[PDB]
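# Summary of the model geometry
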Amino acid sequence: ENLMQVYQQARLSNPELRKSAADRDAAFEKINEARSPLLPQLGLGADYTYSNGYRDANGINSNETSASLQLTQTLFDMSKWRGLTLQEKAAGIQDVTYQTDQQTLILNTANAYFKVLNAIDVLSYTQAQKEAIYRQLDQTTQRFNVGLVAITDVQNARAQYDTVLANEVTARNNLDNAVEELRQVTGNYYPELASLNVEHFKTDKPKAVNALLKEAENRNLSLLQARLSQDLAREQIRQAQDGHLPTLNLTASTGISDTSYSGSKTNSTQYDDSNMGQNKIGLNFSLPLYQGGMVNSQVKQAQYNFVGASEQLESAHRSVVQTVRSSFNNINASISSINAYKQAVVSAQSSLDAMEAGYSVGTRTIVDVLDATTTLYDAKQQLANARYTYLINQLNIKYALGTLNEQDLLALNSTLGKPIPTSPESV
Amino acid sequence: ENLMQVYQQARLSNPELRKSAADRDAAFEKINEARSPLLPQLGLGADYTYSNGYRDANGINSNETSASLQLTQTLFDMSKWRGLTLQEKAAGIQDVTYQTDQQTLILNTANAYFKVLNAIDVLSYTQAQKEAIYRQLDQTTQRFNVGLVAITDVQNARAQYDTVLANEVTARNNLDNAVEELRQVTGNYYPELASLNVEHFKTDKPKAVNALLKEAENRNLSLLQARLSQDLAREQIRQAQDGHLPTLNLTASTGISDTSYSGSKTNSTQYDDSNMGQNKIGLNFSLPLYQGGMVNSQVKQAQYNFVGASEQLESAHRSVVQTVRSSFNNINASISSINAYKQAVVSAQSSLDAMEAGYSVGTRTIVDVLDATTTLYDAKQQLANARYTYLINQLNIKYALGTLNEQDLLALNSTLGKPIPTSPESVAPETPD
Amino acid sequence: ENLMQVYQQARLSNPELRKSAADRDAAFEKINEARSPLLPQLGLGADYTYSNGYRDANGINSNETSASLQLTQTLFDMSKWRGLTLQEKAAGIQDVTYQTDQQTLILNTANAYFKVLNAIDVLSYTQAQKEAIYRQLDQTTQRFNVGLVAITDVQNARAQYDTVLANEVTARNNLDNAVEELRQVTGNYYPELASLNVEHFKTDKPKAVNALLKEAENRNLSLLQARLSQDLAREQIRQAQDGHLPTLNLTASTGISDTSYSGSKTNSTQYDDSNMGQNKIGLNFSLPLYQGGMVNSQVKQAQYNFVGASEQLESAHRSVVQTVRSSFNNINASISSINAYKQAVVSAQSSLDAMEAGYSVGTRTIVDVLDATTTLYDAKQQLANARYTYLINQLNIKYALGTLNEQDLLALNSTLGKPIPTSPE
Ligand SMILES: CCCCCCCCO[C@@H]1O[C@H](CO)[C@@H](O)[C@H](O)[C@H]1O
Ligand SMILES: CCCCCCCCO[C@@H]1O[C@H](CO)[C@@H](O)[C@H](O)[C@H]1O
Ligand SMILES: CCCCCCCCO[C@@H]1O[C@H](CO)[C@@H](O)[C@H](O)[C@H]1O
Ligand SMILES: CCCCCCCCO[C@@H]1O[C@H](CO)[C@@H](O)[C@H](O)[C@H]1O
C-alpha cells in the first residue's frame, strides 16, 4: 500500500539485488578455493606399462602394475599465501558492492513509487483543467445560441478544449507506464497506493554541507569500495613481488610395483620378478634467480595498476564531493521552489478570477480566460511535483552519505496518507 | 526507396550484424577444439644430452640421443567430455544472440526510416506555418503603407515571423542529422523515400495483453537466451563436480636411444655403448582424494553462479512483461492520440479562421491571428507524429514477441505511397523583415 | 581564470586521464613480460628425499641430497617470437586509447567551462526579465491605487511576475550545480571566469564536408585504433597457425647428489649409492603431429575473429562519417541560428516597445506588454545559448577529425575576455 510495504515486498524478490548477493556469496565462497593450495594435497596413481626391445635391447619385453599414494604440502610458498588474502580482499570489495546495491533498490523503489504518485497528480490536474475549460466552452456555447456572444468566442474555446483532451491522453498513458515501471522494480502491481498528505507536508532545511561532506568521507560506499579496490591493487604488487622468493614443498609418497619379463633375451642375476615397495619423504627447495626479466616486469605493471587504482580513488572522491554538494543545492532549491509555486498558484488563481470578471465587461476575452486557466493548473501541477522532488532529494542526500536504509522509508510514512487508485479517475 | 527495399540494402552489409555472424561462426567452430582433447594425441620428439661427472663421478661422460612417437588417447576423462558439451551450449547461446541481432536491425532500420519522414513532416509544417505568418505580415504592411492599420500590428507580426524563422533552422538541421543517422544504420545516403499514405492509413486494436504475454513468454529471444545461460550455468556445476572423478589415460611410445659413455672411470661394464630401443603401451590412471577443499569450494561457487543465472533469468522475464505491457499501452495511446489530434487540427483550424474574421472587425488583433496559426501547425505536427509513433510501437511489440520479420516490413509498404525528398524545401531570404 | 588556464589546471590533476596514462604505461611495460621467454631462464633447487623400503625391496633405506643450477633457453619457438609482437601491438592499441582520452578531457573541460558561462547568462536574463516585469507590476500598482487602472491589470502582472520568480530559483540552482560539475572535471572551485566577448564575437564558416571526411580518414583516433586492432587480429591468425611448428630448446645444468644407503640387504649393483656431479647439457626437440584437430579449429576461429575485427572497422567508419557529417551540419545550423536569434532579439524588442505604446492608448493590454517581455528575454536567452553551442560545435569537429588539441582551446581566448562571477548575481 504505502512505500515501506512496497519496498519490503520488493526486497523480498528483486533480481538485481539477489543476483548481487549470489556474486557476494560466491566471492566469499571462493576464499576456500584460494586457501586450498596451502592445504594437504593427496592423490592416487596407478600404472600399467609394458615394454619390448628391438636394437641393443634385442627383444626384452616386460611390464608393470604400479600404484602410488602421493602427498603434497607446501611449507613456504609466499605467492600462495598471498593469493589467499587477495581473494579475501576481493570478497570484501564484493560485500561493499552489495551494500551499494541495497541502497540502489531503496532509491529505485522510492523513485518508482513517487513517479506513479506524481503521474496521478498530473492526470488529476489535466482532468480538472479540462472540466474547467469545458465549463467555459459549454457556457459560451449556450450564450452563442441566443446571440449573447459572437461565434468566435465558441470556436476559440473548442480549440483549447481539444488541445487538453489530447493532453489528457498522454497523461493517462504516462500514468499507466509509471505503474509499469513500479511493477518491474517491485515485482507487483498496485491498484492503490498511499497518497501524499499535502497538509502534513513540511520542509526541513538540511544539515551543513561541510558536515555532510565530513561524514560522506567516512561512510560513502562508492568511496569505501574505492579504498578497498586500491588496497587490493597494492596487495597484487606484493604477489608479483613474491616472484623473487624461494619456496619449500614437503612431498611424501608410498607405492608398490611388481614387474615381469619375456621371451628370448637375457637372464639373471641381471633381472626379474620384482615386487619393489617403497616409502618416500622429501623437501623440495626451489628458488628462481633470473627468469627472463619477468618478475621485475610483473611488479612494474602491478605498480602502474596500483597508481591507476590510486587515481580511481580521487575520482571516487570528486564524485562524492560533486554529489553531496549538488544534493545539498538541490534540496535547498526544492524548498525555494515549493514556496515559489505555492505563491504562484495563488496569484494564478486570483489572476484567473480577474480574467473572468474582466472577460465579462470587455477588458479581456475568452482566450485570456482560457489562457488564465492553463497557467493556473500549470502552477498547480508544478507545485505538487516539487513536493515529490523534495522528498526524493532528501533520499539522494542519504544515498550520497551512504547511510540510506529502512528507517528513512519508515520515516516517510509521516507524510503519506489516504489511498489513491490509478486511472479511471475518470473520464 | 521504400522500407522493404532499404532494409534489404542494409541487411546485406551491416557491420554490426556481420560482426555477430563472425562471433557465431567462431563460437561454433570452437566445438572442434572442445573435442580435441578427446582424440589421439600424436607427438614426435627427439633430443640429445651430454654429461660430465666432476665429483665422485670424475671421469664419467655420457653422450645420449633419443627419438619417439607418442600417443596419449584419453579413455575416461569426464571433464573433457563436459567442456565439449559446454562449448556446444556456448554456441547455442551465441547463436540466439545473433538471431536477436537480425531482429534488432529490422527494428533499428524501421525507426531510422520513420524518423526521417517525421523529420520532413515537421519541416513541411514549420515551413507552412512560416508562410502563413508571411501572408499576414505582408498584407498588414500593405494595410499600413496606406494607413489602414497602425504600425504596432506590423511590428507584432514581424516578431512571430522571426521566432518561427529560427524554429525552422532547427527543424531543417534535424532532418539532415536524421538522414545521416539512417546512413549509419544502412551505410547509404537517400535523396528520397516513400512517404506515409495518410489516406491509406488505418489503426487496428491490438491483441489482448495477456495473450501477447504468453506469446512473448514462449517466443521471446531475449528470454530464450537467458534460459540457455541458466541452463549453461547449471552444467558448470556438473563440470565442477567431475573434479572428484578419476582419469583413465591410454599411452603408447616408440623410441630409439643411443647412450655411449666416456671418461676415466668408465672402466667397468656399467659403461659401454648401449642402444636401448623400446616399444611401450601404458595405462596411466589418476584419482584425487583431497585437494585442500578445492573441488567442493569450486562446486559451491558454481551453485551460487546458478542462482545468479537464475536471477538473471527473472530479470529477463520482468523486462519482457514491462516491454510487452508498455508497448501495448502505447498502441492504445497512439490510436487515441491519432483520433484526438485529427480533431484538434479541425478545431485549431476553424479557430484561426474566426480569429481572422475577429481581427477584421476588431474583436481580436493580429497577435491573436498569429497565436492561432501557431496552435494549428502545432496540431498538424502532433498529429503526423502520432501516426509514426503508432507504426513504431507496432514493431516494438512484434520484437518483444521475438517474431520481428521481413514479412512485417513488407506489410508496411502497404501504407507507404508517393515518394518525397530529404533535403531543402527551401530557404527563402527576401528580405521584408 | 579563462579556458586555456582552467584546462591547464585540469590536465595536470584529472584522474580519469591520469589512470589511462597508467594503462598505456602498463601495456608497454608488459612488452618486457612478453619477451622474457626468449631469454635465459635460470633456477636453483635443493632436493632432499629420504626413502624407506618394504616388501620385496625391504631393508633398503636411502636418503638423497641434491642441488642443481637449471638453465633454459629457447632456440626456436616461433609462437614465443609471436606472442611478443602480439603484446607490442596491444600496447600500440593502448597508446591510441590513451590519445583519445587526452582529447576527451579537452572537450569535457571546454563543455564544462561554457556550461557555467551559459548558466550565468540564463540566470542573468531571467533576473532582467524579473525586474522588467516588476516595473510593470509596480507602476500599475500605483496607477490602480489612484484609479488610473483596474485591479485586473495589477493581478495579471502579479501572476506573470511569480512565474519568473519560480524560474529564477531553477536558473540560480542550475548555475550552482554547473559550477560543481566544473569542480569535478577540474578539481577547483572557480569564483569567476573569463566571459565570452560578444561585441568581438564572430562566426566563421567551416571547411567543406568532403575535406573534413578526407581529413578524418587519416587522423581520427577511433579509426586508427580499429586498424591497429585488426592488424592485431591478423597477427593472432599467424599465432594460431604457429601451432604446427617444431620447438628447439637448449638446456644445461651443474649439479650434485649425496646419497647414502642404510640397512639390511644393502648388497647389490643395479641401484647405486653415489655422489654424482653432473654437468648436463643438451638440445630438446618437440613436434606435434596431431592433437585432435585443435590447431585447425584454433585457426578457423582466428580467421573468424578477423572478419569480426574487419566488420568492426566498417562500424567505426560509419561512426566517424556520422560524427564528421552531422557535426558539420550542426555548426552550419549554429551560424544560422545565431543569425536568426540576433534578428529575433531585434524584432522582439521593437515589438516590446510597440506594446507599451499600444497599451497607453488601448490597442494592447497589460498582458500584451508582459508577453512581449517574455519573448524578448527568451530570444536573448536563445541568442546567448546559440553562441556557446557554435563554440562547442567547433571543437566537436576537431574531435571527429581526431585532431583536437590545446591550440583549439588557445583559439578560444581571443573570444573570451572580461571576468564574471559564478554565483549571485
Ligand atoms: C617494490 C616494492 C617496494 C618494497 C621493496 C623495497 C624497495 C625495492 O627494492 C627492490 O627489491 C627487490 C628485491 O629483489 C629487487 O628485485 C629490486 O631490484 C629492488 O629495487
Ligand atoms: C502559448 C499560448 C499562446 C496564447 C497566449 C496569448 C496571451 C493572451 O493574449 C491576449 O489575447 C487576447 C484575445 O482577445 C487579445 O485581446 C490580447 O492581445 C491579449 O489579452
Ligand atoms: C555414501 C558415500 C559415497 C560413496 C558412494 C558413491 C555415491 C555418492 O557419490 C559421491 O558423492 C561425493 C560427494 O561428496 C563425491 O565426492 C563422489 O565423487 C561421488 O562418487
Ligand atoms: C582430412 C582433413 C585433415 C586435416 C588435417 C590437415 C589440415 C591442414 O593443415 C595443414 O597442417 C600441416 C601440419 O600438420 C601444415 O604443415 C600445413 O601447412 C597445413 O595446411
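As a numbering rule, every chain is indexed from 1 in the order its sequence is written, which need not reproduce the entry's residue numbers; residues that lack coordinates are not presented. A letter from A marks each chain and a number from 1 marks each ligand, given out in the order of writing. Heavy atoms from the whole structure form the basis of all side-chain values; hydrogens and water molecules are not counted.

- In the PDB header, X-ray crystallography is given as the technique by which the entry was determined, and 2.98 Å as its resolution.

- Identification of chain B as Outer membrane protein from Salmonella enterica subsp. enterica serovar Typhi is taken from the PDB entry.
- The record lists the entry's title as "Crystal structure of an antigenic outer membrane protein ST50 from Salmonella Typhi".

- Under the annotation held in the PDB entry, chain A carries the name Outer membrane protein and is attributed to Salmonella enterica subsp. enterica serovar Typhi.

### Some details on the overall build of chain B
- Check the secondary structure of chain B and you find 10 helices and 9 strands.
- On C-alpha atoms alone, chain B measures out to a radius of gyration of 39 Å, which is more than a quarter above the 22 Å that the 2.2 N^0.38 rule sets for 433 residues.
- Overall, the C-alpha framework of chain B stretches about 140 × 50 × 40 Å when taken along its three principal axes.
- Throughout, a contact is declared for two residues whenever any of their heavy atoms are within 4.5 Å. Of all intrachain contacts in chain B linking residues separated by at least 6 positions in sequence, the fraction that spans at least 24 positions is 85%.
- Here chain B carries 36 positive and 45 negative side-chain charges, and the mean point of each set is 7 Å from the other. Helix and strand definitions here come from DSSP, where helices need a minimum of 4 consecutive H or I residues and strands a minimum of 2 consecutive E residues; each element is numbered from the N-terminal end. Here the globule rule reads 2.2 Å times residues to the power 0.38, and the radius of gyration is calculated from C-alpha atoms. The charge count includes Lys and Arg as positive and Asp and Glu as negative, but it does not include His or the ends of the chains. Just so you know, the charge point we use is NZ for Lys, CZ for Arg, CG for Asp and CD for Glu.

### Brief notes about the site of ligand 2
- Around ligand 2 sit 13 residues in total, of which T365 and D368 of chain A, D368 of chain B together with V367 and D368 of chain C are the nearest.
- A single heavy atom is enough: if one lies within 4 Å of a molecule or strand, its residue is considered near that molecule or strand. Ligand 2 sits at the junction of chains A, B and C, each of which supplies nearby residues.
- Polar contacts, as counted here, are pairs of nitrogen or oxygen atoms within 3.5 Å of one another; within protein the pair requires one atom able to donate a hydrogen and one able to accept it, and residues that are adjacent in sequence qualify only if both atoms are side-chain atoms. Contacts to ligand 2 include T365 of chain A, whose side-chain N or O atom sits 2.4 Å from an oxygen atom.
- One of the side-chain nitrogen or oxygen atoms of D368 of chain C is found 2.9 Å away from an oxygen atom of ligand 2.

### Here we look at the nonpolar core
- Among the buried residues, those of types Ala, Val, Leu, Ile, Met, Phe, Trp, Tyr and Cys that are joined through side-chain atoms within 4.5 Å form a nonpolar core. Exposed residues in this analysis have more than 50% of their type's maximum accessible area, buried residues have under 20%, and partly exposed residues fall in between, with area computed by a 1.4 Å probe over protein chains only. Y113 and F114 of chain A together with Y113 and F114 of chain C are the most contacted members of the largest nonpolar core, which has 157 residues in total.
- Sorting elements by how many residues they give to this core places helix α9 (residues 366–400) of chain C first, with 17 residues.
- The residues touching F114 of chain A, leaving out its near neighbours within four places in the chain, are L3, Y388, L391, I392, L412 and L416 of chain A.
- Among the nonpolar cores identified, the runner-up in size contains 89 residues, and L105, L182, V324 and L383 of chain B belong to it.

### Comments concerning the interface of chain B and chain C
- Taken together, the contact pairs 59 residues of chain B with 60 residues of chain C.
- Note on definitions: buried area is the accessible-area loss of two parts on being combined, 1.4 Å probe, summed for both. Interface area for chain B against chain C, summed over the two sides, is near 4800 Å², with a carbon-plus-sulfur share of 52%.
- What makes a salt bridge here is a side-chain nitrogen of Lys or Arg within 4 Å of a carboxyl oxygen of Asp or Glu, nothing more. Seen at the junction of chain B and chain C, the total is 3 salt bridges.
- Residue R364 of chain C pairs with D153 of chain B through a salt bridge whose shortest N-O separation is 2.4 Å.
- At the junction of chain B and chain C, the tally comes to 30 residue pairs in polar contact.
- Those elements that place two or more of their residues in the side of chain B that touches chain C are α2 (15–29), α3 (31–34), β1 (41–47) and α5 (152–186) of chain B.
- Ranked by residues supplied to the side of chain B that touches chain C, first place goes to α5 of chain B with 20 residues.
- Three classes are used, and their members are as follows: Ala, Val, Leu, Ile, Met, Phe, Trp, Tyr, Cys and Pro are nonpolar, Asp, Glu, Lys and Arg are charged, and the others, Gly among them, are polar. Considered class by class, the residues forming the side of chain B that touches chain C number 20 nonpolar, 21 polar and 18 charged.

### Concerning the packing of aromatic side chains
- Paired rings are identified among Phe, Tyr and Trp, the last through its six-membered ring, by centres lying within 6.5 Å, and are further divided according to the angle between planes into stacked (under 30 degrees), edge-to-face (over 60) and tilted (the rest). Taken as a whole and judged by the stated rule, the model has 15 aromatic pairs over all chains.
- Between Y134 of chain A and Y161 of chain A, the ring centres sit 5.0 Å apart and the planes meet at 45°, which makes this aromatic pair tilted. Here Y134 of chain A, found in helix α4 (residues 78–144), pairs with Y161 of chain A, found in helix α5 (residues 151–186); they are 27 residues apart in sequence, far enough to count as distant.
- Accessibility expressed as a relative area gives 38% for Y134 of chain A, which makes it partly exposed.
- Ring centres 5.9 Å apart and planes at 25° place the aromatic pair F114 of chain B and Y388 of chain B in the stacked group. Of the two residues, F114 of chain B is situated in helix α4 (residues 78–145) and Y388 of chain B in helix α9 (residues 366–400); the sequence distance between them amounts to 274 residues. Accessibility classification places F114 of chain B together with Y388 of chain B in one group, the buried group.

### What to know about the interface of chain C and chain A
- Counting residues at the interface gives 57 residues for chain C, matched by 60 residues for chain A.
- Carbon and sulfur atoms make up 51% of the surface buried where chain C meets chain A, a total of about 4700 Å² over both sides.
- In this assembly, chain C and chain A are joined by 3 salt bridges.
- Residue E311 of chain A pairs with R18 of chain C through a salt bridge whose shortest N-O separation is 3.1 Å.
- Counting across the chain C and chain A interface gives 27 residue pairs in polar contact.
- In terms of residue count, helix α5 (residues 151–186) of chain C provides more of the side of chain C that touches chain A than any other element does, 19 residues in total.
- Each residue belonging to the side of chain C that touches chain A can be placed in one class, and the counts come to 18 nonpolar, 22 polar and 17 charged.
- Where strand β8 (residues 283–286) of chain A lies against strand β2 (residues 45–46) of chain C, 2 bridges are found, and the strand directions are antiparallel. Residue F285 of chain A lies in a different strand from β2 of chain C, and its bridge partner there is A46 of chain C. Between any two strands, at least two bridges found by DSSP are needed for them to pair.

### Notes on the site of ligand 1
- Taken together, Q241, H244, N296 and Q303 of chain A make up all the residues around ligand 1.
- Each accessible area is a Shrake-Rupley estimate made with a 1.4 Å probe; only the visible protein chains count as cover when residues are assessed. Burial of ligand 1 by the protein chains amounts to 30% of its free accessible area of 490 Å².

### Examining a negative patch on the surface
- Within this analysis, patches are made of residues with over 30% relative accessible area and no salt bridge. Like charges are joined at 9 Å or less; nonpolar side chains (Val, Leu, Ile, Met, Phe, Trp, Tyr) at 5 Å or less. Residues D258, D272 and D273 of chain A together with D56 of chain C make up a contiguous surface patch of negative charge.
- Along the polypeptide, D56 of chain C turns up in the loop between β3 (48–55) and β4 (60–65).
- Under the relative-accessibility criterion, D56 of chain C is labelled partly exposed at 44%.

### Some thoughts on the pattern of salt bridges
- Considering all chains together, one arrives at 52 salt bridges over all chains under this definition.
- Its salt-bridge partner being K89 of chain A, residue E235 of chain A comes within 3.7 Å of it at the nearest N-O pair. Highlighted residues: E235 of chain A in helix α7 (residues 221–241) and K89 of chain A in helix α4, separated in sequence by 146 residues.
- The exposure class of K89 of chain A is partly exposed, given its relative accessible area of 25%.
- As a salt-bridge pair, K130 of chain C and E168 of chain C come within 2.9 Å of each other at their nearest N and O atoms. Linking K130 of chain C in helix α4 (residues 81–142) with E168 of chain C in helix α5, this pair joins segments that are 38 residues apart in sequence.
- Exposure remark for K130 of chain C: the relative accessible area of 17% places this residue in the buried category.
- Judged by relative accessible area, which is 9%, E168 of chain C ranks as buried.

### Thoughts on the pairing of strand β5 (residues 247–250) of chain A
Residues and elements named next belong to chain A.
- On β5, burial follows the alternation: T247 and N249 on one face are buried, whereas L248 and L250 on the facing-out side are not.
- As judged from the 3 bridges shared by strand β3 (residues 70–76) and β5, these two strands associate in the antiparallel manner. Its bridge partner lying in β5, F76 is registered against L248.

### With respect to the side chain of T152 of chain A
- Structurally, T152 of chain A is set in helix α5.
- In this structure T152 of chain A touches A354, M355 and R364 of chain B, once residues within four positions along its chain are discounted.

### Looking at the packing of helix α1 (residues 3–11) of chain B against α4 of chain B
All names here are of chain B.
- At a closest axis distance of 10 Å, the pairing of α1 and α4 adopts a crossing angle of 130°. Between α1 and α4, the angle falls in the class oblique. You can see that α1 and α4 cross each other, and the crossing is right-handed. Residues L3, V6, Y7, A10 and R11 of α1 touch α4, and the partners they reach there are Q102, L105, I106, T109, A110, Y113 and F114. Orientation is described by lines fitted to C-alpha atoms, with helices fitted over the stretch in contact, and by angles between N-to-C directions that extend from 0 to 180 degrees. By definition in this entry, angles of less than 35 degrees are roughly parallel, angles greater than 145 are roughly antiparallel, angles of 65 to 115 are roughly perpendicular, and the rest are oblique. Take the far helix as the reference: if the near one is turned anticlockwise from it by less than a right angle, the crossing is left-handed, and if turned clockwise, right-handed.

### Observations regarding a nonpolar patch on the surface
- Residues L75, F76, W81, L245, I281 and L283 of chain A together with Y48 and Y50 of chain C make up a contiguous nonpolar surface patch of roughly 660 Å² in combined accessible area.
- If you list the elements that add at least two residues to the nonpolar patch, you get β3 of chain A together with β3 of chain C.
- Summarising the element assignment, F76 of chain A is placed in strand β3.

### Here's the deal with the packing of α5 of chain B against helix α8 (residues 294–359) of chain C
- Running from N to C, α5 of chain B and α8 of chain C point in directions that differ by 175°, and their axes come no closer than 8 Å. It follows that α5 of chain B is roughly antiparallel to α8 of chain C by the angle criterion.
- Partitioning the contact of α5 of chain B with α8 of chain C into residue classes produces 12 nonpolar, 18 polar and 8 charged.

### Points about the environment of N52 of chain B
- Its place among the elements puts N52 of chain B in the loop between β1 and β2 (70–71).
- Here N52 of chain B falls in the partly exposed class, since its relative accessible area comes to 25%.
- Once residues lying within four places of it in the same chain are set aside, the contact partners of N52 of chain B are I60 and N61 of chain B together with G277, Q278 and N279 of chain C.

### Concerning the pairing of β4 of chain C
All names here are of chain C.
- Judged from the 4 bridges that link them, β3 and β4 form a sheet pairing that is antiparallel. Its bridge partner being in β4, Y48 is matched across the sheet by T65.
- Here β3 folds back onto β4, and the loop between the two strands holds 4 residues, one of which, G59, carries a positive phi near 95°.
- Pairing between β4 and strand β8 (residues 262–263): 2 bridges, direction antiparallel. Each bridged residue has a counterpart across the sheet, and for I60 the counterpart in β8 is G263.

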